[PDB]
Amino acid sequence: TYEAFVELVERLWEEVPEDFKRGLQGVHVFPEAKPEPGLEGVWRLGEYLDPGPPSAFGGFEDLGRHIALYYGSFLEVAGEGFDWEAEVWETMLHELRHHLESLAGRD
């Protein structure tokens, strides 16, 4: 269920060392699925939400940095023996890697 998925994400997220989360507001979980644009049959399990470069009128850091997870994408790809814990673990930490690389790139 979606509730159980959210609970799994938070439980795994808490295992993640606090210092790796510096500059990151948190993980967002959405019920919807997200196809990988153009290249069908492939679903995006998650992604890093990057404020990006400033505009002429101001930067976007106030939006914060987030990792998004798409529950619907997990369902689409899930089949017999789907390791929920292994899949969430990998997706989160992979996006957390993007967060670290994004910070190092502005520092």
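Don't overthink the numbering: it's just position in the shown sequence, from 1.
J.: If you average the CA temperature factors as listed in the entry, which stretch comes out higher, 49 to 57 or 70 to 78?
T.: Between 49 to 57 and 70 to 78, it is 49 to 57 that shows the higher mean C-alpha B-factor.
J.: Quick check on the record: does 23 to 31 or 38 to 46 carry the larger mean Cα temperature factor?
T.: Stretch with the higher mean C-alpha B-factor: 38 to 46.
J.: Looking at the temperature factor on the CA atom of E85, which third of the chain's modelled residues does it land in?
T.: Middle third - that is where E85 ends up once the chain's C-alpha B-factors are sorted.
J.: Compare the C-alpha B factor of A104 with those of the other modelled residues in its chain, then answer lowest, middle or highest third.
T.: According to the entry, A104 has a C-alpha B-factor in the chain's highest third.
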